[PDB]
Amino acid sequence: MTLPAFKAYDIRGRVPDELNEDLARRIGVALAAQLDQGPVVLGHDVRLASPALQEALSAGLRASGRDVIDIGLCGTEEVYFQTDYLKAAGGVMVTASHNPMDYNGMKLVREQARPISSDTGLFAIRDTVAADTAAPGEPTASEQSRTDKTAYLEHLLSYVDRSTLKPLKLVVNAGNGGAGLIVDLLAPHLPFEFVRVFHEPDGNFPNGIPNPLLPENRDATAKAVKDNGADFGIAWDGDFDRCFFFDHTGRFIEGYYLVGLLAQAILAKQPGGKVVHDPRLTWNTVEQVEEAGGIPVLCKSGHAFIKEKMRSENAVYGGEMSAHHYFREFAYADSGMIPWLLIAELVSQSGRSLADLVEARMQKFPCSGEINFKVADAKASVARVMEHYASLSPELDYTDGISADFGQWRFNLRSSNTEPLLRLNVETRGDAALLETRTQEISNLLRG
């Protein structure tokens, strides 16, 4: 076996069982051998163990002759931005994003904030770490503290025309993660009225884990929107690389529809651009991109795949239905801040509420949302679905799992690689009844 903390795209584990200061220091040593020359940017989130793990990581890096730029408490996207902006050799964010309190982890990037994944260095780091029995060296390099967020803040504001913004009333819910610090730095430069919920960074998480998909967190944001007559509400996960929207009725907006909306917002500024999207839910995105005069580019889901595809296509924007939004101008990386600035600008300029913008698309392309099935045998469950629908002769595509297009409805079925878990997404052309029947039909086939 191997170190469980090392997953396909990042490091994640329970503290101190699977991730601790010694592993963090050894990761620092091993990372120094994988990067090109240059300093390494380090940041961390609000979790209690995060400063300790980042300092151990810094010690291991500086023991191997790497200068470290410590940007302190931050969101994950700030590590991406500063790594690119400072022309660093790489960057590490210490975070467990949205996971329980006993968890922590790291996201690693190399130059230009390109991801380090299991086949692009991460497992080379793992094997090095797993074989390193040597005694800790002494730091032979400097740590510079650079907590100024000015360039990051200026970059965020460049995406919108501030003279066109209306004074919207916005609920913001940092979930006691790091997002509220950025909101407060942006607030002097914007006309919005903010209603701050769960605002202060607090790694004890007195209001629950910063995971806006949990129904108790959803309800706190929705209630704040309705109680304050806000134009819309925004919630983030702990390291705020994901943002989630609530319209003025308090309705939680399914992330699929935001891809098409952000695409049309962006394409109004960069006409004719390419937009990368994933294959789970597609029809609404394709139509909104083409109507705005852009070119949709299908890609495998997963941030590593999206980012590489955006680079090879010079795509201006890429989005996933699971609340990941990537921007060419932002070093081809994801941000949980750019999306809501663009949406506030779209609401301001159009005179349409977020509800009306979303409602129109939901009626045209109703979707099931992503549905998970633990099964005994993934291959057998998939075969049972395929053979059942064979006589309708769907158009099949295998970009990411199996996509079957029947004309008036389609589905995508992906299998997890670790565990026997199937993920289902269904959508139709304007037919909510068909959506429900086919979704329950497939659900039965997947189960008993």
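So that there is no doubt, residue numbering starts at 1 and follows the sequence shown. Take the two forms, superpose them, and find the largest set of C-alpha atoms that agree within 1.5 Å; that set is the rigid core.
In a rigid core superposition of the other structures in 8 other deposited structures of this protein, 128-136 and 314-322 differ in how far their CA atoms stray, and the farther one is 128-136. For 374-382 versus 117-125, the mean Cα distance to the shown form in 8 other deposited structures of this protein after rigid core alignment is larger for 374-382. If you average the C-alpha B-factors over 404-412 and over 379-387, the higher value belongs to 379-387. As recorded in the PDB entry, 126-134 is the stretch of 178-186 and 126-134 with the greater mean C-alpha temperature factor. The PDB entry assigns the greatest CA B-factor among 228, 282, 76, 147 to 147.
The residue among 320, 239, 143, 193 whose C-alpha atom has the highest B-factor in the PDB entry is 143.
When all modelled residues of the chain are sorted by CA temperature factor, residue 438 is found within the middle third.
The PDB entry assigns residue 421 a C-alpha temperature factor belonging to the highest third of its chain's modelled residues. The deposited CA B-factor of residue 205 belongs to the highest third of values across its chain.
When all modelled residues of the chain are sorted by CA temperature factor, residue 114 is found within the lowest third. Looking at the C-alpha B-factors along this chain, the one for residue 269 belongs to the highest third.
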